[PDB]
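J.: Sharing a structure here in structure tokens format.
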Amino acid sequence: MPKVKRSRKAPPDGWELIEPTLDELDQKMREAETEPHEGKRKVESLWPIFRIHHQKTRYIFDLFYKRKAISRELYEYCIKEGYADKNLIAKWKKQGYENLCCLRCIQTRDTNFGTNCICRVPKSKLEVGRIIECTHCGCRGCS
RNA sequence: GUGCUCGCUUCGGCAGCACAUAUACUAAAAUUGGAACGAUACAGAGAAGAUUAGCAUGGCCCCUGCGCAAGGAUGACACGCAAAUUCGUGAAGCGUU
Ligand SMILES: [Mg+2]
Ligand SMILES: [Mg+2]
Ligand SMILES: [Mg+2]
Ligand SMILES: [Zn+2]
Ligand SMILES: [Zn+2]
Ligand SMILES: [Zn+2]
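Residue numbers for the first sequence follow the working numbering, beginning at 22 and rising by one.
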């Protein structure tokens, strides 16, 4: 039934008020894992996973840095138990990197020419209104 | 998108600045051709009588094997009027100069 947790210590103080929605985000991830690929291209079928992973991480990020509604103990519990991404949070604290979808979309080893994805280009600098879905992510303009 | 703006200046909008700077064999396709060693009919082991161990040779024939081992019927093929340059003696008969 649970997330089966790997601490065996009781979860920290503010846990019971963020638990319905974390379990609701977790239910949404288990739906996306089982969606049968039919008219969903070979790269398009992994787009829900990066989106919900972004969503869970942004949820804990919004409660600890913006709303300030979680202590260090509860926050680091959620990172250890796999509800947030420590590395994606770490990029959102950088200056320009603040709606970043994926860690793939800034990885320069993953591209042909050693560069980011066009996901990361500012939308003013494309100048035309071309519509873009990043192949890694499905993103339409982080930046 | 975020933040700083002793920016207009409200907490609404806009202005400037800074940071952030180019994914993808681009398909969820449309097409396009070639193969298998299975049946189904005909077919039956090389060495000058017969029964036969084999080891090679050669390459527009390959198979099993990691193999520069070893096997595959000695793995198979090989069975061919197998003619390559280059001529002359002697006698006789007929016609001709
Ligand atoms: Mg042999
Ligand atoms: Mg024999
Ligand atoms: Mg042989
Ligand atoms: Zn991207
Ligand atoms: Zn992404
Ligand atoms: Zn993106």
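Backbone N, C-alpha and C fix where the C-beta goes; we use that ideal spot for every residue, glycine too.
(1) Kindly indicate which three-state DSSP category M22 falls into: helix, strand or coil?
(2) Less than 7 Å between C-beta atoms, sequence neighbours within five positions excluded: which residues of the same chain meet that for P32?
(3) Please determine if the stretch 106–126 and the stretch 41–51 are in contact, where contact requires at least 3 C-beta pairs separated by less than 8 Å.
(4) Taking just the CA atoms, how far does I127 sit from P69?
(5) Looking only at its own chain, which residues have a Cβ that is under 6 Å from the Cβ of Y118, when we skip the five neighbours before and after it?
(6) Within 10 angstroms of its Cβ, does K77 collect 16 or more other Cβ (buried), or is it exposed?
(7) Considering only the alpha carbon of each residue, which of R93, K101, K87 lies closest to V25?
(8) How do the stretch 152–159 and the stretch 124–144 stand: do at least 3 beta-carbon pairs fall below 8 Å, yes or no?
(9) Assign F134 to buried or exposed, taking buried as 16 or more other Cβ atoms, counted over all protein chains shown, within 10 Å of its Cβ.
T.: Considering the structure as presented:
(1) As a position in the first sequence, residue 22 is number 1, starting the count at 1. Three-state DSSP puts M22 in coil, outside helix and strand.
(2) Along the first sequence, read from residue 1 onward, the residue named residue 32 stands at position 11. Answer for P32: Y98, listed in chain order.
(3) no
(4) Indexing the first sequence from 1 puts residue 69 at position 48. Indexing the first sequence from 1 puts residue 127 at position 106. C-alpha separation (whole angstroms): 19 Å.
(5) Taking the first sequence and counting its residues from 1, one reaches residue 118 at position 97. Cβ within range, chain order: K112.
(6) In the first sequence, the residue the question calls residue 77 occupies position 56. It is buried - the Cβ of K77 has at least 16 other Cβ atoms within 10 Å.
(7) Position 4 of the first sequence, counted from the start, is the residue given in the question as residue 25. Closest option to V25, Cα to Cα, is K101.
(8) yes
(9) Here residue 134 is taken as the residue at index 113 of the first sequence, counted from 1. Looking at its Cβ environment, which holds fewer than 16 other Cβ atoms inside 10 Å, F134 is exposed.
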